[PDB]
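Chemist:
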Amino acid sequence: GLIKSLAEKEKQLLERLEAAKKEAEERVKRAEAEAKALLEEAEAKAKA
Amino acid sequence: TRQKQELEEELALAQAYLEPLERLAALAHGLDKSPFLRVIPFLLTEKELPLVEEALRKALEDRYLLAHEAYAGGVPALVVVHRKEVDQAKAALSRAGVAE
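Residue numbers (UniProt numbering), protein chains in the order written: chain A, 5 to 52; chain B, 102 to 201.
(1) Roughly how many whole angstroms lie between the Cα atoms of residue 193/B and residue 34/A?
(2) In whole angstroms, what is the alpha-carbon distance linking residue 168/B and residue 113/B?
(3) Mind checking residue 181/B: buried by the 16 CB within 10 Å criterion, or exposed?
(4) Helix, strand or coil: which one does DSSP assign to residue 129/B?
(5) Counting beta carbon pairs with one atom in the segment 184-201 of chain B and one in the segment 143-160 of chain B, are three or more of them shorter than 8 angstroms?
(6) Counting only Cβ-Cβ distances shorter than 9 angstroms, please list the residues of the segment 128-151 of chain B near chain A, keeping chain order.
(7) Would you mind working out which of 191/B, 185/B, 173/B sits nearest residue 179/B, comparing C-alpha positions?
(8) By the 10 Å Cβ neighbour count, where 16 or more other Cβ atoms means buried, how is residue 125/B classified, buried or exposed?
(9) If we require 3 or more residues per run, which beta strand (DSSP E) segments fall completely within the segment 123-197 of chain B?
(10) In the DSSP assignment, the alpha helix (DSSP H) including residue 22/A goes from what residue to what residue?
(11) Within the 8 angstroms Cβ cut-off, does residue 119/B reach chain A?
(12) Consult DSSP for residue 117/B and reduce its assignment to one of helix, strand or coil.
(13) So with Cβ pairs under 8 angstroms, would you call residue 23/A a contact of chain B?
(14) Inspect the beta-carbon positions of residue 152/B and residue 177/B and report whether they are closer than 8 angstroms.
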């Protein structure tokens, strides 16, 4: 039992959260962009 | 005279409680501003230290951290516990008669 266990474990718990929030937003991001580009293909196709 | 009273009260408290807060701060350095871990400061005398440890250990299993560091006489002790294990931790101090 040293304070180092929980100390240097806490500063990893924070990295695990950060990647969580990142790759949540970087996933939805893809889908929103992919929704736009799909409906452009549906306009491009539809008028032609 | 008002300045003087504030200056004198501040000294009186600071003269008393600098050495414990130094000790306590040191023990869990950089982990008192974290949400992941909860800290609770409290004072124990040599006499009380074994009782407090037993009480906490049964209450809080072996996933609690009891640390102490001296100061010349008793020990200011810090128990460090997980967040949401706060009530349980407190309850254990309260049964011994020790408080925050």
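Yeah, the Cβ is synthetic: ideal placement off N, Cα and C, and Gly gets one too.
Modeler: Quick look at the numbers:
(1) Mapped onto the second sequence, residue 193/B falls at position 92. Mapped onto the first sequence, residue 34/A falls at position 30. Using only the alpha carbons, I get a separation of about 51 angstroms.
(2) Translated into the one-based positions of the second sequence, residue 168/B becomes position 67. Translated into the one-based positions of the second sequence, residue 113/B becomes position 12. If you take the alpha carbons of residue 168/B and residue 113/B, they lie about 27 angstroms apart.
(3) If you number the second sequence from 1, residue 181/B lands on position 80. Burial call: buried.
(4) The residue given as residue 129/B occupies position 28 in the second sequence. Judged by DSSP in its simplified three-state form, residue 129/B adopts coil rather than helix or strand.
(5) These segments touch.
(6) 128, 129, 130, 131, 132, 135, 137, 138
(7) One-based indexing of the second sequence puts residue 179/B at position 78. Nearest option by C-alpha distance: 191/B.
(8) Residue 125/B sits at position 24 when you count from the first residue of the second sequence. Residue 125/B is buried by the Cβ-count criterion.
(9) Complete beta strand (DSSP E) runs here, min 3: 138-145, 166-169, 176-183.
(10) If you number the first sequence from 1, residue 22/A lands on position 18. Residue 22/A -> alpha helix (DSSP H) spans 8-51.
(11) The residue you call residue 119/B lines up with position 18 of the second sequence. With 8 angstroms as the cut-off, residue 119/B does not count as an interface residue toward chain A.
(12) By 1-based counting over the second sequence, the position of residue 117/B is 16. The answer is helix: DSSP assigns residue 117/B an H, G or I state.
(13) Locating residue 23/A in the first sequence gives position 19, counting from the first residue. Not one chain B Cβ lies under 8 angstroms of residue 23/A.
(14) For the purposes of this step, residue 152/B is taken as residue 51 along the second sequence, with counting starting at 1. For the purposes of this step, residue 177/B is taken as residue 76 along the second sequence, with counting starting at 1. For residue 152/B and residue 177/B, no; Cβs fall outside 8 angstroms.
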